[PDB]
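Notes for the one structure printed next.
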Number of protein chains: 2
Amino acid sequence: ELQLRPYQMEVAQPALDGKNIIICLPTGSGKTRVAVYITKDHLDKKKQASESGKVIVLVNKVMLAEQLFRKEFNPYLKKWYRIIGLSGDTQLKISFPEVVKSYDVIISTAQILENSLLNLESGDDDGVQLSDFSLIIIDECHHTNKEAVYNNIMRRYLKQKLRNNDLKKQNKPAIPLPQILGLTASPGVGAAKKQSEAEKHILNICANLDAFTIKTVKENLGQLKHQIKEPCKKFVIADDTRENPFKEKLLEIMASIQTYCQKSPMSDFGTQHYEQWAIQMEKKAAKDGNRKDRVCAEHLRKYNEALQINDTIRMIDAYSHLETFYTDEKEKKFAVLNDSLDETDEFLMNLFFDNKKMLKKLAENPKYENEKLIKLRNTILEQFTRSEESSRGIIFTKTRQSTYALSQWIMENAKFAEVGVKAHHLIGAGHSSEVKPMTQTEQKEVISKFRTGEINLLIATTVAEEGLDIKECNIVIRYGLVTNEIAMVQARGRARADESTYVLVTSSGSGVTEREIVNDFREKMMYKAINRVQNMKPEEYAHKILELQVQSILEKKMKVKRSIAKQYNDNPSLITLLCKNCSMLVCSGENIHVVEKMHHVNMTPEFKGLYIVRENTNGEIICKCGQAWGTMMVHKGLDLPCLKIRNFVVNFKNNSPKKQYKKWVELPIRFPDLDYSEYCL
Amino acid sequence: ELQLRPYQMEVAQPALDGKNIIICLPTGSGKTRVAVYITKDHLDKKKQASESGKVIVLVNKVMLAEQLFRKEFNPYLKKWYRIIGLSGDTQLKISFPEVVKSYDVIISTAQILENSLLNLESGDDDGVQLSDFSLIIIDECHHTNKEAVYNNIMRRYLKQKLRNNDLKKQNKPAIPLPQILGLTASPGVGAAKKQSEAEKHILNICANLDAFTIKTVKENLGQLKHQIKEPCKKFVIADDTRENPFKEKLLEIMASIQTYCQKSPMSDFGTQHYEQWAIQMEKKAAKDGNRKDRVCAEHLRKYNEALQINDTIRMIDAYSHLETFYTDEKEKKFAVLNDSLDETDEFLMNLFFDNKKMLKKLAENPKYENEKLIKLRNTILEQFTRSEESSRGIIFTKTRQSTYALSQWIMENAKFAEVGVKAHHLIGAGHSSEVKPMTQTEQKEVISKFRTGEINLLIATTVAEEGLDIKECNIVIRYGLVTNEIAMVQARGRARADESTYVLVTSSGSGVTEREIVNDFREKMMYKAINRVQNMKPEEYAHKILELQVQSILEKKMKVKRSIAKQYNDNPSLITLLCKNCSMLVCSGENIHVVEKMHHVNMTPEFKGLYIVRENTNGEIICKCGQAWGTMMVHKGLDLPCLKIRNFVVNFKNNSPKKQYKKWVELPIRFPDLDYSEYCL
RNA sequence: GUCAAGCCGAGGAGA
RNA sequence: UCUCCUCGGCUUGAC
RNA sequence: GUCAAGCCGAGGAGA
RNA sequence: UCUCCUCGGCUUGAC
Ligand SMILES: Nc1ncnc2c1ncn2[C@@H]1O[C@H](COP(=O)(O)OP(=O)(O)O)[C@@H](O)[C@H]1O
Ligand SMILES: Nc1ncnc2c1ncn2[C@@H]1O[C@H](COP(=O)(O)OP(=O)(O)O)[C@@H](O)[C@H]1O
Ligand code: ALF
Ligand code: ALF
Ligand SMILES: [Zn+2]
Ligand SMILES: [Zn+2]
């Protein structure tokens, strides 16, 4: 029951007989149908050719793997061949290599394959080789870039092709190379401004993929333009003239703390540049060991983040964030009191709590809650009232807190209730930003609920920009967020409806429409570059792509050269670790060991009788000054407390250039594994 | 008249002089002969050494205990020494300790010994100590795992060995430790994917057994390969395209009930995931006290189980199951009527009975009974016709109902009758799944009847996978069931014949052959891991096994730490128990008592004048809503009615977090024993 | 020698 | 955490 | 089938 | 170099 379209056949025709190539078409153009048809044709050809037929599909998105397996690929080809989808969430209980020789067709994430190849090279496991295959298919080929995963695999492929090229003029025997097929929508521009540089970027993409030609539809293009509809663009801007009674108070607090610190930021409040200056300032303070500035630097960072979220989101979330971390610090102080006075800390607490109550009073004010938020509400109301149950609303924001607060508040707002709108916030799996993480299964359940229509409003982040193919969508909006041309075009290419609306909500002061025009111009420039390369001479095309392949290969070689070791110091115990907030000695480099080369830890009783544990098994570990050190873990049955090096400060025994690494692997010196013969009886 | 073989001597040679070790050989390799020869040699050595000779054999299977005593061990060694086999079925009338010092040789199940040791530690009974022995022999050593019974005993042994290790460098006197011998076929892989992890698993097995070396036959291996024959593999697949007239009606009923409940399973019908979602749903309903959903959740679970058995077995069994539990519920309703109306219950009854009659009409249809079943019939017919009375047929299925229905239906089918096949269903002792339990003596009688050839077809479950040594077997099949590599290899290693057939019957949609390939790969990987460990350095081997012994010891110590009490609440009467299906109060925590610390019960007349009794001495107890509460028992001469806590719902007097424990011991609070001075005159 | 009921822990498979 | 299966141990009772 | 924790690398945006 | 976001992989654990 497989189907195709005239433009699909036109674009895919060269690939039907060799011609490892790329395909670039607008979103919702049946690209996956083209891919499944091409795979079916190639496998039938191989069977008729009495040769092994092995095809892989590679995705950077697990959700895309599952969606492609469920919807478009397996149903058509379930009967003819064997099919399977792999992922981290999927338990690869069988193996990767066996499925390479069991299912005859693979759907996977790139570095499943890459890890198998690395294991093969290291010899730990049998692994796999590209020669084992006959056809590789990649989605979102634009992600093939300087050294991304797709590009890593293709660098191995290109080295093999160069070896073959050496062989052809030297020896007849050669290593077979599987065909390569790429699929994308926007090949992208690496910020190239001159259209010439955009052409060079496109040539780089082709060379990385060994692409013989872009092969975009021209003759049938017309009908495709008629088949695919483009959403109506809509720009919405609001000026932040309100927030004075609350934001001005926050700026007053920040200025008072600056006076207490006697430091000149030389930057506007609430700007991320202020936060960068802070970062530098507390790094300097900790390296110098000085206090009254690093702690205040951290607090100023927190106030800057609060100011930003207030600028985007209402005041109450910023107030809650402030009082939450202040309460955590207060509980740390209480624990420190329990085991056994401060001036800076007491100063901050006293200046804070009163203003915190005042800001609690101010926060609940619907008269001047915000401007952009009011415009967002008016918009959502208008479209959801005009749809008459035909609305699938998508909102894009920047951070976790925005999504969660907006969902909670839309559910609190009575207007969205009487319209009947149901809003659910969506985020990635990784926990961060003090927001409850959403599990992969939770992600899938929410997407399914939106698909069934139970959720008429989905708030999400760049997670939602890519993938998430939905049959019908009418409303897409971007809340004061802007990344680049790609992100914007895929966000806009989602309202798959006869009537579609694109909306942007931006602050008047911020230059977001500048980005939007720049993105428009890059989109226009890319098409001309594609036309130019499509009209190039095949010989010159081949020479340039070969030159760029050499570029990539040599770049990897010399990056490895600069990263063979690049820091070779075998010093087991030549350092002392002190606390960061306060300059108390913690330990030396001898009392520490490693487990599974995975966790660094110290088990000596000297460590044990120094820290404190905060309650809610995996209780966390804090210092005596109130600095957070680490967390309890339970491995081996041992209650070993680990720690984050970022929380501590280094001190060399030779000349002590106090410095912060933020991370273990960054440092040169190795630490031994924990032989646990000790702690016995 | 004892005999041996060259490879047997080769493998057993190290154990003949100390060297507590493991042995791993293919099934039917005379392992029991090797064990009896080794025991004879060790006992002769001890007699020549003028030292006490005590040998134990441990089995996880009572049938294996009896078989080893009857067939291979006692006949050879009846004259030279004293021999006895122990078990639960065997009445250990003498004692365990006396036989430890009476028969000089023991065959037992592991926690006979473990219970004796626990009694010794507690001081209730004299018990036994490992020092009393000189040699322990274990069969199926793979069962020694994270904290299994063999592993429990070996953890005690390893702690004793660590004490000895402390003594050697401190004090000359030491506690003697008996030699350790293990026997198995597949040491197994704990789902380890990297062959390195499989090697770690094997090292874990060795460390748990204090194994000095695997000691697998290499030089004589060749002849063994020639002596042992491997069955011819055969794969059979059928696609479930039929069942529409009946299964579609069942799905219609399920959808109608879902509409009545207004709930979205978001899962396919007939899938165990649906049943898990149900479980969660009625747990939530009962905790919330809401009806119209918990009862319907239970019914949906029953329909899901019916769908599964229909997918495997024909329709009539599912129909019978449905009408049986509906009839039981109807009789409950009639009793409830007798002592003194419902909407949900009436809805379900009315929707059911008519469709039940219709499904009775549909069930008796041989045209589209099933696919996998037809293939099974065709197979069995082919092999039993081609054997010409030389067929010993073994079938493996998943559940009780499958076994019983298949046996009854094979006897009903005229084809198996004209072939003369005799089919008997086999299950475990424990009653469950609404199938008559098969007594241990019934098990033994059936096995004997199969051995004599009176039963040419034995239908069984994982019970039959292990043990059951038969001289001649030609046909082994697996009906749409798949567990792991071990189960599969022991199922395949049973057709002990020159010509042997292995067959698998699987649904096309289900991924069972995926498991089969995975199991093949694990079997291949295990052998390479065994080779690698056999080639290891003895010192590094010793160090790693010592590390793993420490791992096990500390794991047990800290599991005990987390399980010292882990829930310490001495609250006699601080709870109220209500009914589960309906929210009627049953009793409080004061009116209940305990007998033999064994049965919780309430005897107050307030309890008595609330429940109803269903007829067929041990009549069962139901609620007034139709909920089952418990059962009559006769202890002390008292007609005390007990109950299952799983059937009731908890309600705390403090803050009432309604929750389900499913089981008494799980809860913290203790209940007093029943001092029966009351109820006197 | 046969049966019933109940309780304790363990393992494997699935999800 | 749920389901299915498997195990063996312990108590009580009856024939 | 569910959850937690930790680690490895990659990309994009900003500055 | 910093921040924000995004990704996927690996280990351990628990239910
Ligand atoms: N031959 C065809 N005729 C009509 N529609 C098609 C055909 N093939 C695919 N489609 C449509 O294309 C959609 C798939 O879009 P897809 O190509 O996955 O988006 P993207 O290009 O972003 O991957 C399906 O919903 C289907 O309706
Ligand atoms: N020395 C021997 N020579 C020939 N056959 C033997 C010898 N010892 C044992 N056997 C055979 O081995 C069988 C016992 O198999 P067994 O080892 O119990 O299976 P498993 O290895 O699964 O326990 C007996 O039927 C017997 O015929
Ligand atoms: F392949 Al697309 F949006 F073009 F997922
Ligand atoms: F000891 Al076996 F099958 F190998 F019972
Ligand atoms: Zn400190
Ligand atoms: Zn009731």
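I'm trying to understand the selection: among the residues of the range A:203-261, which are among the aliphatic types (A, V, I, L, M) and not in a helix (DSSP H, G or I)?
Residues satisfying the conditions are A:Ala211, A:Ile214, A:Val217, A:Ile228, A:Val236, A:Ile237, A:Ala238.
Would you mention how many residues in the range A:86-99 are touching a strand residue (DSSP E or B) at 6+ places or on another chain (Cβ under 7 Å) and within 9 Å of another protein chain (Cβ to nearest Cβ)?
Here is the first cut: in the range A:86-99, the ones touching a strand residue (DSSP E or B) at 6+ places or on another chain (Cβ under 7 Å) are A:86-87, A:99.
Those still in the list that are within 9 Å of another protein chain (Cβ to nearest Cβ) too: A:99.
Qualifying residue count for the region: 1.
Which pairs turn up if I take residues in the range A:123-152 that are within 16 Å of RNA strand C (Cβ to nearest atom) and look for partners that are among the aliphatic types (A, V, I, L, M) with beta carbon separation below 6 Å, at least 6 apart in sequence or on another chain?
Nothing qualifies.
May I ask you to list the residues in the range B:583-602 that are surrounded by fewer than 17 Cβ atoms within 10 Å (Cβ to Cβ) and within 16 Å of ligand 6 (Cβ to nearest atom)?
B:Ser583, B:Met584, B:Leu585
Let's see how each residue does on (1) within 14 Å of chain B (Cβ to nearest Cβ); (2) surrounded by 17 or more Cβ atoms within 10 Å (Cβ to Cβ); (3) within 16 Å of ligand 6 (Cβ to nearest atom):
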site	(1), (2), (3)
A:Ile23	no, yes, no
A:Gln48	no, no, no
A:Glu66	no, yes, no
A:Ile84	yes, yes, no
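Does B:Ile137 qualify as being within 13 Å of RNA strand D (Cβ to nearest atom) and either within 30 Å of A:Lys636 (Cβ to Cβ) or buried (at least 19 other Cβ atoms within 10 Å of the Cβ) (or both)? Reasoning before the result, please.
Working: within 13 Å of RNA strand D (Cβ to nearest atom): no; either within 30 Å of A:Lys636 (Cβ to Cβ) or buried (at least 19 other Cβ atoms within 10 Å of the Cβ) (or both): yes.
Criteria not met by B:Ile137.
Report, by residue number, each residue of the range A:328-377 that is closer than 30 Å to A:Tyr502 by Cα and in a helix (DSSP H, G or I).
Listed by number, the residues that qualify are A:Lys372, A:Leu373, A:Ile374, A:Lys375, A:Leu376, A:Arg377.
Tell me, please, whether a residue that is within 14 Å of chain A (Cβ to nearest Cβ) and more than 16 Å from RNA strand E (Cβ to nearest atom) can be found in the range B:491-506.
Yes, the range B:491-506 contains a residue that is within 14 Å of chain A (Cβ to nearest Cβ) and more than 16 Å from RNA strand E (Cβ to nearest atom).
Given the condition within 11 Å of chain A (Cβ to nearest Cβ) and among the acidic types (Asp, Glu), answer yes or no: does some residue in the range B:515-532 qualify?
The answer is yes; a qualifying residue exists.
Which of the residues that make up the range B:635-660 are more than 22 Å from B:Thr604 (Cβ to Cβ) and of a type outside the set (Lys, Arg)? Show your work before the answer.
So the first thing to find is which residues in the range B:635-660 are more than 22 Å from B:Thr604 (Cβ to Cβ), and the list is B:654-660.
B:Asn654, B:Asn655, B:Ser656, B:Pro657, B:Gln660, listed by residue number.
Restricting attention to the range B:196-215, and to residues there that are crowded, with 19+ Cβ neighbours inside 10 Å and either polar (S, T, N, Q) or at positive phi (or both), which single residue is nearest to the other protein chains (Cβ to nearest Cβ)?
By that ranking, first place goes to B:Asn204.
For the list (1) in contact with a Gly (Cβ under 6 Å, 6 or more places away or on another chain); (2) surrounded by fewer than 15 Cβ atoms within 10 Å (Cβ to Cβ); (3) of a type outside the set (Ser, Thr, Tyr), I need the number of the one condition that B:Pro605 fails.
All conditions are met except number (1).
Just the residues that are over 32 Å from the mean Cα position of the chain (by Cα), assigned to a loop (DSSP other than H, G, I, E, B) and within 14 Å of another protein chain (Cβ to nearest Cβ), please, taken from the range B:140-180.
B:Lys169, B:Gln170
Hey, can you tell me all the residues within the range B:538-576 that are within 11 Å of another protein chain (Cβ to nearest Cβ), among the aliphatic types (A, V, I, L, M) and touching a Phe, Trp or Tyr at 6+ places or on another chain (Cβ under 9 Å)?
If the condition is that a residue be within 11 Å of another protein chain (Cβ to nearest Cβ), among the aliphatic types (A, V, I, L, M) and touching a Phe, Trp or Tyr at 6+ places or on another chain (Cβ under 9 Å), then B:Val550, B:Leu554 are the ones that fit.
Here are some conditions: (1) within 20 Å of A:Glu555 (Cα to Cα); (2) of a type in the set (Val, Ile, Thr); (3) in contact with a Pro (Cβ under 8 Å, 6 or more places away or on another chain). A:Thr213 meets all but one. Which one does it not meet?
All conditions are met except number (1).
Residue under question is A:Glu388, and the condition is that it be surrounded by fewer than 19 Cβ atoms within 10 Å (Cβ to Cβ) and on the phi > 0 side of the Ramachandran plot; does it hold?
Working: surrounded by fewer than 19 Cβ atoms within 10 Å (Cβ to Cβ): yes; on the phi > 0 side of the Ramachandran plot: yes.
Considered against the rule, which asks whether it is surrounded by fewer than 19 Cβ atoms within 10 Å (Cβ to Cβ) and on the phi > 0 side of the Ramachandran plot, A:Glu388 comes out as yes.
When you check B:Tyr527 against the structure, is it within 16 Å of ligand 4 (Cβ to nearest atom) and of a type in the set (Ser, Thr, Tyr), yes or no? I'd like the intermediate steps shown before the answer.
Details: within 16 Å of ligand 4 (Cβ to nearest atom): yes; of a type in the set (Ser, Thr, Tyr): yes.
Yes; evaluated as a whole, the condition is true for this residue.
List every residue pair whose Cβ atoms lie under 6 Å apart, where the two residues are 6 or more positions apart in sequence or sit on different chains, the first residue falls within the range B:249-272 and is more than 14 Å from chain A (Cβ to nearest Cβ), and the second residue, located anywhere, is assigned to a helix (DSSP H, G or I) and of a type in the set (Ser, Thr, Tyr).
The qualifying pairs are B:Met254/B:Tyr303.
Between B:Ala417, B:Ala491, B:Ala429, which is hydrophobic (A, V, I, L, M, F, W, C), assigned to a helix (DSSP H, G or I) and within 13 Å of RNA strand C (Cβ to nearest atom)?
B:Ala491
Since every read-out is calculated from the coordinates, none of them should be taken as a lab result. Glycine also receives a Cβ, built like all others from the backbone with ideal geometry; neighbour counts cover every protein chain displayed.
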